[PDB]
Structures are given as C-alpha cells and as structure tokens.
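One structure is given here, and the rest of the page talks about it.
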Amino acid sequence: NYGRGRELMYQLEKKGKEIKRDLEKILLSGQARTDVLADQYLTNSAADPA
Amino acid sequence: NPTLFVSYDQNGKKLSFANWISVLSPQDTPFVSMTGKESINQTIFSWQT
C-alpha cells in the first residue's frame with residue numbers, strides 16, 4: 001500500500017453515478033409498458049388468480 | 001392461490017391517484033369577445049340599407 005491510495009477505493013458515491021445518463025435515455029426512449037398484471041392493476045378476482 | 005404474497009402481491013393497497021384532472025379548455029372566443037351585445041324583444045329582427 002505504497003502506491004494506490006485514493007481512499008482505498010471508496011468510489012461510486014459521486015463522480016461515478018453515471019447511471020443517471022442511462023436513466024435519462026431509458027426515459028427518453030421508445031420502450032413499451034410491458035407488464036404482467038393484465039393492465040388492470042386491481043384484478044383481485046378471488047385472490048389474484050394470476 | 002394464496003401463497004408467498006411477497007414480491008408485489010399484496011391486497012388492500014392505496015393507489016396514489018392524481019388530485020387534479022387535466023383537461024384542455026380552448027375558450028379563446030375571439031369573435032364574440034368583440035362583436036357586442038344588444039337587447040331584443042322579438043324572435044325576428046331586421047335592418048335597412
């Protein structure tokens with residue numbers, strides 16, 4: 001431990017949150033709204049037959 | 001099939017609706033806002049030139 005000493009690799013808390021530039025694209029992308037709840041979200045037809 | 005309700009299978013939940021109702025109101029009315037008004041007492045009216 002005489003060389004690398006940048007906080008003992010405590011990174012990924014800031015300057016490294018690049019996930020934001022992927023979230024931005026996910027929002028401004030033309031992906032569908034696929035789901036499994038039959039688009040109702042409140043089926044509850046005798047204890048969620050699904 | 002009630003079993004292992006974990007992972008987003010839970011009954012009796014709130015929905016978090018929107019407290020507002022978005023609706024368009026194209027109420028410009030450019031012509032009637034300038035035409036004018038005048039009372040009349042008969043269903044038929046007329047003018048002359």
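Just so we're on the same page: first chain in the structure tokens is A, next is B, and so on; residues restart at 1 for each chain, and ligands are numbered from 1 in the order they show up.
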- request: Find the residues near region 8-18 of chain B: any atom within 12 Å, counting only C-alpha atoms, skip ones fewer than 5 places away on the same chain, and give them as a list in words.
  value: residues 36, 37, 41, 42, 43, 44, 45, 46, 47, 48, 49 and 50 of chain A; 1, 2 and 3 of chain B
message: If DSSP is run on the backbone, what residues of chain B are helix (DSSP H, G or I)? A reply as a PyMOL selection string would be ideal.
response: chain B and resi 32-35
